[PDB]
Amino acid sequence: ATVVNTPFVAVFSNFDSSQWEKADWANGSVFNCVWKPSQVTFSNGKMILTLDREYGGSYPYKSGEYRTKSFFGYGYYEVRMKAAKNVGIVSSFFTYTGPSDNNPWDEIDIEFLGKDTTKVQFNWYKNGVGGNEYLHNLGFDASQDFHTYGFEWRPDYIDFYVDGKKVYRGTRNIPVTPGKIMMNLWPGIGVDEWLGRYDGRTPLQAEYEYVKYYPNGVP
């Protein structure tokens, strides 16, 4: 149960599966899918999250959320990934803790709004209060090939990276509490102005090659 304070590397072409959990429940909130383990699969060196229709469940859609068992502190978080492109959905890479862990809801998000994959959205929560949505123009299409994305999280700031280059700093209401690293793919509900309305189109997938955490350095 020690916060991880040493380098962590999961390359999904070859990694210790035992450090991870597939979600098998519904997040609720603005997410119009249930998580199933069946929707997290592995091929071509990649972890694949697949949003697909769901049959006779309580949700119209199923999808995948993959989550570390460990909690991680201040430092540099990096994902290499290729977002799903579709109106109304999100592909993500983020850190999260909250009341499951007797913690405040402290979270740092990098989210690719399917409706426009030339943009990446940064956000974060502290004690359950967000309101930091910043949309960055990538200058390429995030769904077209893999790129790396990341943040150095520190007590006073979060610095956002795209392909090894720092493009933004947030300073307001920075989270404090070590979180689990997670990736998910979902259709939104009740959030049309933000995501567009979800199409209902399936299957859709987001693909990830790795996740790395460095307690010390940046690029």
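For every residue, the number given is its place in the sequence shown, counted from 1.
*Out of 183 to 191 and 147 to 155, which one has CA B-factors that are higher on average in the deposited record?*
Mean CA B-factor is higher for 147 to 155.
*Between 38 to 46 and 61 to 69, name whichever shows the higher mean Cα B factor according to the PDB entry.*
Stretch with the higher mean C-alpha B-factor: 38 to 46.
*Looking at 94, 125, 140, 112, which has the biggest Cα B factor in the entry?*
When the deposited C-alpha B-factors of 94, 125, 140, 112 are compared, 140 is largest.
*From the list 28, 170, 56, 175, select the residue with the highest C-alpha B factor recorded in the entry.*
Going by the entry's C-alpha B-factors, 56 comes out highest.
*Among the chain's modelled residues, which third holds the C-alpha B-factor of residue 206?*
According to the entry, residue 206 has a C-alpha B-factor in the chain's middle third.
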